[PDB]
Amino acid sequence: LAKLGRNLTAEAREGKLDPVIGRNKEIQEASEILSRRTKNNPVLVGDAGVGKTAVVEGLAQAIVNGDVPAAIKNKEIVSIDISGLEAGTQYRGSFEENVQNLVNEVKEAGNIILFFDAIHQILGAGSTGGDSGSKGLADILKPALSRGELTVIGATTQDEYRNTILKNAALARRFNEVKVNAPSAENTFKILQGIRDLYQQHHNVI
Amino acid sequence: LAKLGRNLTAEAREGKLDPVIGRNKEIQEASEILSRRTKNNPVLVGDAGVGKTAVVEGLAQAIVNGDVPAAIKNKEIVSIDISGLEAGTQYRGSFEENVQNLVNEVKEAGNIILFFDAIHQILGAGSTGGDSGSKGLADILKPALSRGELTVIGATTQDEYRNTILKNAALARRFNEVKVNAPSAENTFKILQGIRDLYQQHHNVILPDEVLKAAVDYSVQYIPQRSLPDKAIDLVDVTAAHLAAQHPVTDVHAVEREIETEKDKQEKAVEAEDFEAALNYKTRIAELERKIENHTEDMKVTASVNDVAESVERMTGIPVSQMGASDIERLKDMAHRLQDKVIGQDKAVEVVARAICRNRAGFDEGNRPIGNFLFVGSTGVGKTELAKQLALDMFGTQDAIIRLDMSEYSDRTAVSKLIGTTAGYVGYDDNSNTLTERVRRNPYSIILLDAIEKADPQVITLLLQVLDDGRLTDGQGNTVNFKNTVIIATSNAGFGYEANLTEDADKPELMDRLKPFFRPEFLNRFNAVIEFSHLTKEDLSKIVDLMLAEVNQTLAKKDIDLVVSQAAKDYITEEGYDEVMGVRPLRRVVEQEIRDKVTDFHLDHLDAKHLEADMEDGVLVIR
Amino acid sequence: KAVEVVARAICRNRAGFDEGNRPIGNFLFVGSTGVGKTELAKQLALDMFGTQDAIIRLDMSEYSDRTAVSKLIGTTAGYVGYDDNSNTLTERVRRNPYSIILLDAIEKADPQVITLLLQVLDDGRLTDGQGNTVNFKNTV
Ligand SMILES: Nc1ncnc2c1ncn2[C@@H]1O[C@H](COP(=O)(O)OP(=O)(O)OP(O)(O)=S)[C@@H](O)[C@H]1O
Ligand SMILES: Nc1ncnc2c1ncn2[C@@H]1O[C@H](COP(=O)(O)OP(=O)(O)OP(O)(O)=S)[C@@H](O)[C@H]1O
Ligand SMILES: Nc1ncnc2c1ncn2[C@@H]1O[C@H](COP(=O)(O)OP(=O)(O)OP(O)(O)=S)[C@@H](O)[C@H]1O
Ligand SMILES: Nc1ncnc2c1ncn2[C@@H]1O[C@H](COP(=O)(O)OP(=O)(O)OP(O)(O)=S)[C@@H](O)[C@H]1O
Ligand SMILES: [Mg+2]
Ligand SMILES: [Mg+2]
Ligand SMILES: [Mg+2]
Ligand SMILES: [Mg+2]
């Protein structure tokens with residue numbers, strides 16, 4: 001791995017990741033999509049600043065925990081710096097070759113699962129948004145997802161979803177959506193209690 | 001071979017391919033085209049999700065089987081990734097060289113036959129579709145097919161066919177078409193029975209036939225916007241995934257770790273040649289192993305029609321009373337279903353229900369749109385009732401309608417709500433992702449046109465194209481079908497209200513006025529017109545308790561129950577009986593007055609169960 | 001009266017009593033200028049948002065296009081175009097989905113923009129010049 005991305009499962013094994021709190025059904029409901037043979041591309045929808053990624057780290061935690069159903073026991077999750085992909089290369093033709101080389105890497109029993117955070121930044125390689133765009137997964141994914149090569153997970157906001165996703169019928173027959181909402185002022189209190197110790201850094205009252 | 005493609009015949013020899021079921025004539029009829037010396041390029045036409053490729057795999061199966069006529073005994077079939085062809089090369093000139101190198105490979109007695117799945121994706125290398133395209137077979141095939149070099153097979157959809165294929169005469173003198181249709185709910189049952197064993201994967205019940213036929217019967221009646229074979233499968237798939245019930249695996253995973261540790265210690269003892277300890281370790285390994293075996297078989301096997309039902313409910317958000325009811329039941333019960341969510345006006349209910357049943361049962365001859373109806377009256381009559389409740393009951397969601405208020409739609413004067421010319425408007429409809437884009441996306445949706453005397457455009461004839469046959473051309477010449485859509489348009493039937501003394505004076509008190517208002521020909525084109533003359537006082541208590549119901553529903557979010565006295569109801573009715581235009585003030589009088597009191601009562605310290613509202617001289621008093 | 005109405009409406013929206021899918025509040029104020037006509041534009045805005053800088057105001061009468069004079073250029077129709085494709089109306093409202101928008105003196109100009117507003121005035125979802133819909137749920 002370790003090419004413009006990070007293995008979250010590897011960190012999870014080490015215990016380097018904070019416990020995800022109060023997200024119970026919302027996380028494992030996600031498994032209810034992944035376990036299917038087709039129609040298996042869940043995206044988390046909601047506004048920013050809601051612990052959006054915290055769901056997927058909690059998913060990795062559960063996978064290590066043996067909480068998941070048997071369908072996804074043997075897989076791992078890698079998060080990808082979409083926005084910095086062109087940083088890894090000098091020429092965009094070489095860029096596209098490296099991009100397809102990812103699919104080339106994605107043959108290991110599907111044990112690799114790609115995660116992102118800006119789906120609109122994925123839907124490029126064309127005029128999916130704005131006036132133009134640089135080459136990206138779009139010109140490669142459209143078949144690959146149709147032919148079941150990949151499984152991606154999220155993630156984006158409400159308006160991005162209705163403006164970009166519901167317009168390409170190709171995604172319609174592969175993708176699914178999961179609602180995310182900010183919690184109440186009890187779980188927030190719990191999360192803050194969890195973080196509390198971090199700010200020993202500032203040599204003031206905890 | 002093995003260059004951006006796959007030999008299906010090779011897999012067929014190995015028995016790696018599933019048996020194709022129920023496609024008998026449709027497959028071997030294909031041979032009747034291939035056996036010819038010329039005119040030998042069959043393409044399969046039809047909608048997606050119908051087992052479109054399954055035909056060609058069945059053809060390969062038959063070829064191996066010796067079912068075919070002698071003409072094609074010695075050939076094989078290769079399927080090609082058209083869309084990924086540029087993936088195999090870096091430079092598109094090198095790409096074209098590789099493409100022609102395919103023809104170079106295609107010299108082996110014609111034993112190779114090319115198969116594809118996106119003919120429009122083949123017809124590239126030029127402006128055959130869209131604005132531009134990358135180089136492809138087009139600049140090479142056009143002669144090769146003319147000079148008989150290749151034989152290709154399919155495949156694409158109906159609209160692709162009429163829009164791209166019938167326009168190049170070169171293809172006309174080489175190509176042929178074969179119709180494909182989804183099968184009935186017996187062969188589908190067979191195919192599902194065949195697949196059934198695959199889902200041992202999910203360690204749940206392998207499903208009894210009753211659940212399967214129930215899934216078919218539900219998907220057919222609740223999701224018409226999809227083809228039968230795929231939707232029946234997907235329903236089962238999601239059903240199984242949910243029936244996994246999100247069970248964990250740690251309850252066996254921990255002992256897997258234990259077996260690993262014991263195995264390591266066993267290896268260590270074997271290193272030291274201490275055979276008693278290794279024997280004990282092996283015994284413990286067997287112990288834990290068959291324990292895990294026992295846990296593994298602790299799978300719940302419960303396929304229930306009910307579980308499929310909640311899966312459906314999650315699919316569409318619609319709880320279903322009387323699940324499994326016959327269509328005979330449903331087509332009559334929907335009469336009340338809409339009747340009891342609206343108030344009176346039973347004529348519209350009757351007309352709409354009968355028309356819907358005719359379309360659903362297939363009694364009416366095809367080649368006409370589903371329904372085209374006019375509704376003429378004032379606004380405050382629930383004028384949009386059939387836009388919301390009818391739409392939702394039809395489609396498991398009200399979000400199946402697009403509405404244009406045609407009067408305000410068009411262009412009248414250079415004011416900052418509308419820009420351009422009314423003529424410009426038709427242009428938008430015929431070249432831009434505003435009308436044609438959407439209708440082709442949801443060929444079952446409902447379109448609503450408000451108040452249509454009414455604007456600058458006298459668009460009667462432009463609609464007649466669909467109003468005759470549902471086929472209507474765009475600004476590029478492409479025709480869109482309107483077979484499965486509903487068109488509802490509205491108008492003004494005059495207005496009172498005194499209240500009911502002038503709600504309806506006579507039958508021609510309407511049409512004779514509408515004769516200078518609506519052109520008689522545009523009238524004669526419709527299935528029916530219905531009117532909204534309905535505004536009274538005795539039947540308005542029913543809407544009163546309807547809003548009271550939604551009020552308590554809203555309160556249910558905070559575990560609050562409100563009780564309303566009958567005298568309060570009478571006073572509210574009298575308040576809202578500004579019976580001059582409609583029922584908007586009827587909602588308005590409780591729009592804030594109830595919730596304003598609720599605001600202050602919520603500052604309590606409140607018995608949410610006890611809140612009962614009554615009337616003191618026109619003042620709301622709640623305890 | 002204005003204090004009463006505004007306070008009760010604000011409480012209803014804040015407490016969540018009113019059913020959703022409607023904008024926060026849509027109110028009309030009709031009178032002369034020298035009455036503190038902009039009082040609720042300044043003090044109400046500031047109390048609502050910890051700062052008065054939460055409002056965008058368009059004097060719709062002077063907003064539109066009437067005659068080729070050097071305070072306004074183009075056609076009144078052109079104006080709706082600006083609102084639906086340019087970083088003047090849709091840009092901003094999506095940036096501060098809680099902001100307050102004020103329309104001065106609205107008989108009043110060439111445009112009879114009643115229906116174009118009804119889209120929000122019904123449900124707060126309103127399309128742009130590109131087809132994108134913007135929500136107006138949390139605005140006044
Ligand atoms: N259940 C939780 N347990 C612990 N921390 C949480 C939890 N929910 C949210 N957080 C914190 O809130 C932050 C919000 O970030 P996320 O929404 O996951 O993504 P982000 O990159 O941090 O910013 P956004 O919100 O995605 S634009 C997280 O990074 C955590 O630090
Ligand atoms: N007679 C049949 N026997 C077995 N499986 C079938 C049969 N008919 C359809 N199917 C299944 O239904 C699926 C529908 O796929 P096809 O229509 O052949 O092509 P596709 O690539 O799967 O998707 P489409 O429909 O072509 S867009 C097939 O892949 C099979 O799994
Ligand atoms: N048979 C009926 N007669 C009168 N009103 C009805 C009837 N059935 C339902 N209604 C109610 O009438 C109300 C009409 O008020 P609105 O909800 O504002 O719709 P509307 O204003 O009539 O639609 P427009 O946009 O003005 S044409 C709805 O709330 C319906 O619930
Ligand atoms: N209830 C009230 N009646 C009259 N004046 C008031 C009231 N409340 C506040 N005022 C003051 O009225 C003054 C109005 O004068 P301006 O500050 O010039 O605003 P304005 O000129 O009315 O707004 P425009 O642009 O002319 S509509 C403000 O300074 C307010 O402080
Ligand atoms: Mg994050
Ligand atoms: Mg197929
Ligand atoms: Mg209505
Ligand atoms: Mg003022």
# chains A, B, ... in the order shown; residues from 1 in each chain; ligands from 1

$ interface_residues --of "chain B" --to "chain A" --cutoff "6 Å" --atoms "only C-alpha atoms" --output "MDAnalysis selection string"
chainID B and resid 241:242 246:250

$ write_last_selection --atoms "N, CA and C atoms" --output "PDB file, in the first residue's frame"
ATOM      1  N   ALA B 241     -29.230  -9.852   3.075  1.00  0.00           N
ATOM      2  CA  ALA B 241     -28.268  -9.012   3.776  1.00  0.00           C
ATOM      3  C   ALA B 241     -28.855  -8.485   5.073  1.00  0.00           C
ATOM      4  N   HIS B 242     -30.109  -8.040   5.039  1.00  0.00           N
ATOM      5  CA  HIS B 242     -30.742  -7.582   6.266  1.00  0.00           C
ATOM      6  C   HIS B 242     -30.932  -8.733   7.239  1.00  0.00           C
ATOM      7  N   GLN B 246     -27.040  -8.212  11.280  1.00  0.00           N
ATOM      8  CA  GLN B 246     -25.848  -7.545  11.783  1.00  0.00           C
ATOM      9  C   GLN B 246     -25.211  -8.331  12.925  1.00  0.00           C
ATOM     10  N   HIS B 247     -25.221  -9.653  12.806  1.00  0.00           N
ATOM     11  CA  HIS B 247     -24.646 -10.476  13.853  1.00  0.00           C
ATOM     12  C   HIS B 247     -23.123 -10.390  13.838  1.00  0.00           C
ATOM     13  N   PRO B 248     -22.500 -10.425  15.000  1.00  0.00           N
ATOM     14  CA  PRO B 248     -21.042 -10.354  15.081  1.00  0.00           C
ATOM     15  C   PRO B 248     -20.416 -11.712  14.788  1.00  0.00           C
ATOM     16  N   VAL B 249     -19.087 -11.756  14.885  1.00  0.00           N
ATOM     17  CA  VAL B 249     -18.328 -12.982  14.701  1.00  0.00           C
ATOM     18  C   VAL B 249     -17.291 -13.189  15.796  1.00  0.00           C
ATOM     19  N   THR B 250     -17.160 -12.241  16.721  1.00  0.00           N
ATOM     20  CA  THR B 250     -16.219 -12.394  17.823  1.00  0.00           C
ATOM     21  C   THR B 250     -16.485 -13.644  18.646  1.00  0.00           C
TER      22      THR B 250
END

$ interface_residues --of "chain C" --to "chain A" --cutoff "12 Å" --atoms "only C-alpha atoms" --output "ChimeraX atom specification"
/C:85,94,125,127-128,130-135

$ residues_around --residues "residue 93 in chain C" --least-positions-apart "5" --cutoff "10 Å" --atoms "only C-alpha atoms" --output "list in words"
residues 56, 87, 88, 98, 99, 100, 101, 134, 135, 136 and 139 of chain C

$ interface_residues --of "chain C" --to "chain B" --cutoff "9 Å" --atoms "only C-alpha atoms" --output "ChimeraX atom specification"
/C:8-9,11-12,15,17-19,64-65,75-81,83,109-117,131

$ write_last_selection --atoms "N, CA and C atoms" --output "PDB file, in the first residue's frame"
ATOM      1  N   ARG C   8     -43.275  35.296  18.641  1.00  0.00           N
ATOM      2  CA  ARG C   8     -43.932  33.996  18.637  1.00  0.00           C
ATOM      3  C   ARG C   8     -43.445  33.134  17.481  1.00  0.00           C
ATOM      4  N   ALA C   9     -43.293  33.724  16.295  1.00  0.00           N
ATOM      5  CA  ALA C   9     -42.805  32.947  15.163  1.00  0.00           C
ATOM      6  C   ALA C   9     -41.403  32.418  15.430  1.00  0.00           C
ATOM      7  N   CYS C  11     -40.010  31.819  18.308  1.00  0.00           N
ATOM      8  CA  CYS C  11     -40.052  30.752  19.296  1.00  0.00           C
ATOM      9  C   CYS C  11     -40.521  29.449  18.670  1.00  0.00           C
ATOM     10  N   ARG C  12     -41.536  29.518  17.803  1.00  0.00           N
ATOM     11  CA  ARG C  12     -42.019  28.305  17.153  1.00  0.00           C
ATOM     12  C   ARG C  12     -40.919  27.642  16.341  1.00  0.00           C
ATOM     13  N   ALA C  15     -38.188  26.302  18.910  1.00  0.00           N
ATOM     14  CA  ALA C  15     -38.613  25.128  19.653  1.00  0.00           C
ATOM     15  C   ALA C  15     -38.924  23.946  18.752  1.00  0.00           C
ATOM     16  N   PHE C  17     -41.676  23.469  16.999  1.00  0.00           N
ATOM     17  CA  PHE C  17     -43.085  23.098  16.969  1.00  0.00           C
ATOM     18  C   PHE C  17     -43.610  23.019  15.543  1.00  0.00           C
ATOM     19  N   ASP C  18     -43.297  24.018  14.728  1.00  0.00           N
ATOM     20  CA  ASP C  18     -43.775  24.051  13.357  1.00  0.00           C
ATOM     21  C   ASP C  18     -43.170  22.903  12.561  1.00  0.00           C
ATOM     22  N   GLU C  19     -43.984  22.309  11.695  1.00  0.00           N
ATOM     23  CA  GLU C  19     -43.472  21.287  10.799  1.00  0.00           C
ATOM     24  C   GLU C  19     -42.436  21.896   9.866  1.00  0.00           C
ATOM     25  N   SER C  64     -34.539  46.644  -9.997  1.00  0.00           N
ATOM     26  CA  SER C  64     -34.784  46.190 -11.354  1.00  0.00           C
ATOM     27  C   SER C  64     -34.288  47.206 -12.371  1.00  0.00           C
ATOM     28  N   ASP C  65     -34.581  46.918 -13.634  1.00  0.00           N
ATOM     29  CA  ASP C  65     -34.195  47.766 -14.748  1.00  0.00           C
ATOM     30  C   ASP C  65     -35.415  48.483 -15.317  1.00  0.00           C
ATOM     31  N   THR C  75     -31.662  44.930 -19.104  1.00  0.00           N
ATOM     32  CA  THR C  75     -33.102  44.728 -19.092  1.00  0.00           C
ATOM     33  C   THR C  75     -33.494  44.076 -17.777  1.00  0.00           C
ATOM     34  N   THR C  76     -34.717  44.374 -17.328  1.00  0.00           N
ATOM     35  CA  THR C  76     -35.183  43.830 -16.058  1.00  0.00           C
ATOM     36  C   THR C  76     -35.153  42.313 -16.084  1.00  0.00           C
ATOM     37  N   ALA C  77     -35.499  41.722 -17.227  1.00  0.00           N
ATOM     38  CA  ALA C  77     -35.295  40.293 -17.408  1.00  0.00           C
ATOM     39  C   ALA C  77     -33.872  39.886 -17.074  1.00  0.00           C
ATOM     40  N   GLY C  78     -32.877  40.581 -17.629  1.00  0.00           N
ATOM     41  CA  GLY C  78     -31.497  40.291 -17.288  1.00  0.00           C
ATOM     42  C   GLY C  78     -31.284  40.091 -15.803  1.00  0.00           C
ATOM     43  N   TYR C  79     -32.028  40.830 -14.975  1.00  0.00           N
ATOM     44  CA  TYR C  79     -31.827  40.746 -13.534  1.00  0.00           C
ATOM     45  C   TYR C  79     -32.027  39.337 -12.999  1.00  0.00           C
ATOM     46  N   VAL C  80     -33.098  38.651 -13.401  1.00  0.00           N
ATOM     47  CA  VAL C  80     -33.279  37.296 -12.897  1.00  0.00           C
ATOM     48  C   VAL C  80     -32.095  36.431 -13.305  1.00  0.00           C
ATOM     49  N   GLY C  81     -31.552  36.674 -14.499  1.00  0.00           N
ATOM     50  CA  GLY C  81     -30.367  35.950 -14.919  1.00  0.00           C
ATOM     51  C   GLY C  81     -29.230  36.089 -13.928  1.00  0.00           C
ATOM     52  N   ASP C  83     -29.435  36.570 -10.878  1.00  0.00           N
ATOM     53  CA  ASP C  83     -29.768  35.897  -9.637  1.00  0.00           C
ATOM     54  C   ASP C  83     -29.548  34.397  -9.743  1.00  0.00           C
ATOM     55  N   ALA C 109     -41.450  47.790  -8.714  1.00  0.00           N
ATOM     56  CA  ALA C 109     -40.645  47.924  -9.910  1.00  0.00           C
ATOM     57  C   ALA C 109     -41.296  47.209 -11.079  1.00  0.00           C
ATOM     58  N   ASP C 110     -40.574  47.191 -12.198  1.00  0.00           N
ATOM     59  CA  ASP C 110     -41.049  46.491 -13.388  1.00  0.00           C
ATOM     60  C   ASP C 110     -41.413  45.036 -13.122  1.00  0.00           C
ATOM     61  N   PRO C 111     -40.611  44.247 -12.400  1.00  0.00           N
ATOM     62  CA  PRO C 111     -40.939  42.827 -12.268  1.00  0.00           C
ATOM     63  C   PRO C 111     -42.091  42.592 -11.307  1.00  0.00           C
ATOM     64  N   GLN C 112     -43.023  41.738 -11.733  1.00  0.00           N
ATOM     65  CA  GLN C 112     -44.070  41.221 -10.850  1.00  0.00           C
ATOM     66  C   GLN C 112     -43.662  39.835 -10.351  1.00  0.00           C
ATOM     67  N   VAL C 113     -42.551  39.811  -9.622  1.00  0.00           N
ATOM     68  CA  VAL C 113     -41.950  38.545  -9.181  1.00  0.00           C
ATOM     69  C   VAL C 113     -42.726  38.118  -7.943  1.00  0.00           C
ATOM     70  N   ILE C 114     -43.798  37.373  -8.180  1.00  0.00           N
ATOM     71  CA  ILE C 114     -44.532  36.707  -7.113  1.00  0.00           C
ATOM     72  C   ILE C 114     -44.267  35.217  -7.218  1.00  0.00           C
ATOM     73  N   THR C 115     -44.508  34.666  -8.398  1.00  0.00           N
ATOM     74  CA  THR C 115     -44.436  33.229  -8.577  1.00  0.00           C
ATOM     75  C   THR C 115     -43.021  32.684  -8.515  1.00  0.00           C
ATOM     76  N   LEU C 116     -42.029  33.412  -9.030  1.00  0.00           N
ATOM     77  CA  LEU C 116     -40.662  32.912  -8.946  1.00  0.00           C
ATOM     78  C   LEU C 116     -40.265  32.680  -7.498  1.00  0.00           C
ATOM     79  N   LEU C 117     -40.806  33.474  -6.586  1.00  0.00           N
ATOM     80  CA  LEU C 117     -40.544  33.287  -5.170  1.00  0.00           C
ATOM     81  C   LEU C 117     -41.331  32.134  -4.571  1.00  0.00           C
ATOM     82  N   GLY C 131     -29.923  24.428 -12.864  1.00  0.00           N
ATOM     83  CA  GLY C 131     -30.690  23.295 -12.408  1.00  0.00           C
ATOM     84  C   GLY C 131     -30.455  22.900 -10.969  1.00  0.00           C
TER      85      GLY C 131
END

$ atom_distance --atom1 "CA of residue 21 in chain A" --atom2 "CA of residue 257 in chain B"
26.2 Å

$ select_by_dssp --residues "chain A" --states "strand (DSSP E or B)" --output "ChimeraX atom specification"
/A:5-7,41-45,76-80,112-115,152-153,156,175-179

$ write_last_selection --atoms "N, CA, C and O atoms" --output "short mmCIF file (atom, residue, chain, number, x, y, z; two decimals), in the first residue's frame"
data_model
loop_
_atom_site.label_atom_id
_atom_site.label_comp_id
_atom_site.auth_asym_id
_atom_site.auth_seq_id
_atom_site.Cartn_x
_atom_site.Cartn_y
_atom_site.Cartn_z
N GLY A 5 -1.74 7.22 0.28
CA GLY A 5 -2.86 6.76 1.09
C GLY A 5 -2.37 6.13 2.37
O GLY A 5 -1.17 6.05 2.64
N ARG A 6 -3.34 5.67 3.16
CA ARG A 6 -3.05 5.11 4.46
C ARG A 6 -3.95 3.92 4.75
O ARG A 6 -5.16 3.96 4.48
N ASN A 7 -3.37 2.88 5.33
CA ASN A 7 -4.13 1.71 5.76
C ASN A 7 -4.67 1.98 7.15
O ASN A 7 -3.94 1.90 8.14
N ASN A 41 -22.25 -0.08 -2.63
CA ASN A 41 -21.41 1.11 -2.61
C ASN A 41 -22.10 2.15 -1.74
O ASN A 41 -22.79 3.04 -2.24
N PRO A 42 -21.96 2.05 -0.42
CA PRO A 42 -22.60 3.01 0.46
C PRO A 42 -21.80 4.29 0.58
O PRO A 42 -20.57 4.27 0.65
N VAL A 43 -22.51 5.41 0.61
CA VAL A 43 -21.92 6.72 0.85
C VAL A 43 -22.64 7.37 2.02
O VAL A 43 -23.87 7.29 2.13
N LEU A 44 -21.87 7.99 2.89
CA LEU A 44 -22.41 8.67 4.06
C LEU A 44 -22.77 10.09 3.66
O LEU A 44 -21.94 10.82 3.11
N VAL A 45 -24.01 10.49 3.94
CA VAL A 45 -24.50 11.79 3.52
C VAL A 45 -24.83 12.61 4.76
O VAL A 45 -25.35 12.08 5.74
N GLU A 76 -9.66 -5.23 4.25
CA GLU A 76 -9.09 -4.07 4.92
C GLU A 76 -9.49 -2.81 4.18
O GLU A 76 -9.95 -2.86 3.04
N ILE A 77 -9.30 -1.68 4.84
CA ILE A 77 -9.76 -0.39 4.35
C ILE A 77 -8.55 0.52 4.18
O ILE A 77 -7.73 0.64 5.09
N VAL A 78 -8.45 1.16 3.03
CA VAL A 78 -7.41 2.14 2.77
C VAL A 78 -8.06 3.46 2.39
O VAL A 78 -8.96 3.50 1.55
N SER A 79 -7.63 4.53 3.04
CA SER A 79 -8.10 5.87 2.71
C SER A 79 -7.12 6.51 1.74
O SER A 79 -5.90 6.34 1.86
N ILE A 80 -7.66 7.26 0.79
CA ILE A 80 -6.85 7.79 -0.31
C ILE A 80 -6.95 9.31 -0.35
O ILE A 80 -8.05 9.87 -0.29
N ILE A 112 -8.89 -5.12 -0.21
CA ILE A 112 -8.68 -3.69 -0.19
C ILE A 112 -10.03 -3.04 -0.50
O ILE A 112 -10.77 -3.51 -1.37
N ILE A 113 -10.39 -2.04 0.29
CA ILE A 113 -11.59 -1.24 0.08
C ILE A 113 -11.19 0.22 0.12
O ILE A 113 -10.57 0.68 1.10
N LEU A 114 -11.55 0.96 -0.91
CA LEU A 114 -11.11 2.34 -1.05
C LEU A 114 -12.07 3.27 -0.32
O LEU A 114 -13.29 3.13 -0.44
N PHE A 115 -11.51 4.21 0.43
CA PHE A 115 -12.29 5.24 1.09
C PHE A 115 -11.81 6.61 0.64
O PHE A 115 -10.61 6.82 0.42
N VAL A 152 -16.26 1.34 -3.00
CA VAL A 152 -15.86 2.60 -2.41
C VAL A 152 -16.88 2.99 -1.36
O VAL A 152 -18.01 2.50 -1.36
N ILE A 153 -16.48 3.88 -0.46
CA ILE A 153 -17.33 4.30 0.63
C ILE A 153 -17.24 5.81 0.78
O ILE A 153 -16.20 6.34 1.19
N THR A 156 -19.67 12.58 1.37
CA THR A 156 -19.96 13.95 0.97
C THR A 156 -21.19 14.51 1.66
O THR A 156 -21.74 13.90 2.59
N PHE A 175 -24.95 2.50 -6.30
CA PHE A 175 -24.68 3.24 -5.08
C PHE A 175 -25.87 3.25 -4.14
O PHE A 175 -27.02 3.07 -4.55
N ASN A 176 -25.58 3.49 -2.87
CA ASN A 176 -26.58 3.61 -1.83
C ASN A 176 -26.14 4.70 -0.87
O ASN A 176 -24.98 5.09 -0.85
N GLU A 177 -27.08 5.17 -0.06
CA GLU A 177 -26.82 6.32 0.79
C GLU A 177 -27.24 6.00 2.22
O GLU A 177 -28.20 5.28 2.45
N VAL A 178 -26.49 6.55 3.17
CA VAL A 178 -26.78 6.38 4.59
C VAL A 178 -26.77 7.75 5.25
O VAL A 178 -25.79 8.50 5.15
N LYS A 179 -27.86 8.06 5.95
CA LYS A 179 -28.03 9.36 6.57
C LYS A 179 -27.19 9.48 7.83
O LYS A 179 -27.03 8.51 8.58
#

$ residues_around --residues "range 20-33 of chain C" --least-positions-apart "2" --cutoff "6 Å" --atoms "only C-alpha atoms" --output "VMD selection string"
chain C and resid 35 37 123 to 124 136 to 140

$ write_last_selection --atoms "C-alpha atoms" --output "PDB file, in the first residue's frame"
ATOM      1  CA  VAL C  35     -40.850  55.001  11.614  1.00  0.00           C
ATOM      2  CA  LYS C  37     -38.664  51.164   9.206  1.00  0.00           C
ATOM      3  CA  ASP C 123     -40.861  24.618   0.273  1.00  0.00           C
ATOM      4  CA  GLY C 124     -37.585  26.562   0.329  1.00  0.00           C
ATOM      5  CA  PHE C 136     -33.944  28.091   2.090  1.00  0.00           C
ATOM      6  CA  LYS C 137     -34.926  26.223   5.239  1.00  0.00           C
ATOM      7  CA  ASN C 138     -33.052  28.324   7.778  1.00  0.00           C
ATOM      8  CA  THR C 139     -33.461  31.803   6.302  1.00  0.00           C
ATOM      9  CA  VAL C 140     -35.807  34.706   6.965  1.00  0.00           C
TER      10      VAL C 140
END

$ residues_around --residues "residue 110 in chain B" --least-positions-apart "2" --cutoff "9 Å" --atoms "only C-alpha atoms" --output "list in words"
residues 74, 75, 76, 106, 107, 108, 112, 113, 149, 150 and 151 of chain B

$ write_last_selection --atoms "C-alpha atoms" --output "mmCIF file, in the first residue's frame"
data_model
loop_
_atom_site.group_PDB
_atom_site.id
_atom_site.type_symbol
_atom_site.label_atom_id
_atom_site.label_comp_id
_atom_site.auth_asym_id
_atom_site.auth_seq_id
_atom_site.Cartn_x
_atom_site.Cartn_y
_atom_site.Cartn_z
ATOM 1 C CA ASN B 74 -16.378 -24.401 -36.187
ATOM 2 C CA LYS B 75 -16.582 -20.882 -34.774
ATOM 3 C CA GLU B 76 -15.983 -19.397 -31.348
ATOM 4 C CA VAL B 106 -9.527 -11.749 -37.389
ATOM 5 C CA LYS B 107 -8.476 -13.944 -40.284
ATOM 6 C CA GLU B 108 -8.694 -17.406 -38.694
ATOM 7 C CA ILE B 112 -13.672 -15.715 -34.099
ATOM 8 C CA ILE B 113 -16.914 -13.775 -33.630
ATOM 9 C CA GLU B 149 -14.787 -8.987 -42.815
ATOM 10 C CA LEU B 150 -16.451 -9.218 -39.419
ATOM 11 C CA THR B 151 -19.506 -10.631 -37.713
#
